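In the form deposited in one PDB entry, a lone chain appears below as structure tokens.
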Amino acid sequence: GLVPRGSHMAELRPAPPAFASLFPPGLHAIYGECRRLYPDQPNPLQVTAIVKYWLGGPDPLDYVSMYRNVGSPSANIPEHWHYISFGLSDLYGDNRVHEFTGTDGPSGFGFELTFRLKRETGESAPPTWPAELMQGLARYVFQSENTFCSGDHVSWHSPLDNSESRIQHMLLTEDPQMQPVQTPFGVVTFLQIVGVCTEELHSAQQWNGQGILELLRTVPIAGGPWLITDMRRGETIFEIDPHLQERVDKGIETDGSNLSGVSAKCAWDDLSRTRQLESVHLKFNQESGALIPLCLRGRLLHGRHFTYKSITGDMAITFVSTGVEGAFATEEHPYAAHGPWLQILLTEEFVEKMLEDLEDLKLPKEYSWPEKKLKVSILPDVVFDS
């Protein structure tokens, strides 16, 4: 036989910081993860709060580091500014702002904020406005002590850079590069801010945040696997691609809807200390009517409830399934009202039947199921405004 020749490989594929004793261990651990990603930028531009939060200052974030990330146009990831906060987790461990809780569990709130902003031509330095955006979000978190996690939305209702931009709200996702770190003061994760349009915010609310985040990943301009925010983006993902709405629709059906209620134009009528009603008539305008499929397919079909509240007045309709506790409507008396608040119980089988008729979304458009003694009508706006 032949003597072994050895393998020939055809394709070869691609220290503490100075004065380490000066760094508090929580800060040290975040900085270490930053160092791993940016060995070439050991001294990034930073915004720092001179008047400290624990001495009466307004800004909870002690530091925001601002890095340049070359990205990978080879993978459709554009060049961008990468922002990382210091102060939401326990940096110092000495009870000045967070309670010291040991190595187990979250350090402070358990995360820092990050952000990725698409670089414009002629930008030789990271804009500083995102630091103040981050301060505002952190203020929100410090006031309520409500913790954010991956998939949450933030209704912000203002252009993020105070321009005229359409990016007006935020979702939160895991940073695509930054790994969680264990510190003497607890575990720290990295939550990335993703800018969105109102319509995209509305969709996360109707379906779930993880679902919209995953759609944003498939649209580079929105966009991209690393979820970079472009403040100049003029179109929604649904304007760029009409086929995405269908994924949202299917998602709501499969996962369920995170929307439990809406304020809208609507009314209910009786057709004959809660009262039980033999017959009932439900009235919606076009917009509130368009949510009925979401109500039925994304809520009742998942054992949940959904409330329509009247924009003007005390009137309300809550749909309930056989799964909920504490309802005053039951299978035997499925229409019941406490004052102007109607509850309506529908079984799985009957909502399936209603859905056969209920598409979409010439008024008045009236639906009827005489055996159930139920009518639903879509009416012109004038009915509800007067």
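Residue positions are given as counts along the sequence shown, with the first one as 1.
Just so you know, the form solved in complex with a partner chain exists too; it's not on screen, but the next bit is about it.
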One stretch from 225 to 233, 120 to 128, 81 to 89, 284 to 292 that, in the deposited bound form, holds residues within 4.5 Å of the partner chain by heavy atom: 284 to 292
Heavy atom within 4.5 Å of the partner chain in the deposited bound form - residue from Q179, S163, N146, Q276: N146
Option touching the partner chain, based on a heavy atom within 4.5 Å in the deposited bound form, out of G71, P184, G151, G110: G151
Touches the partner chain in the deposited bound form: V219 (any heavy atom, 4.5 Å): no
The partner chain contact in the deposited bound form: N258, any heavy atom under 4.5 Å: yes
Distance check, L301 to the partner chain in the deposited bound form, heavy atom within 4.5 Å: no
The partner chain contact in the deposited bound form: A264, any heavy atom under 4.5 Å: yes
Of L27, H98, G251, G186, the position at the hinge that separates the two rigid parts moving between the shown form and the other one: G251
Cα distance between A264 and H169, which in the deposited bound form differs by 3 Å or more from this form, closer or farther: closer
In the deposited bound form, whether the C-alpha atoms of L294 and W156 sit closer or farther than here (change of 3 Å or more): closer
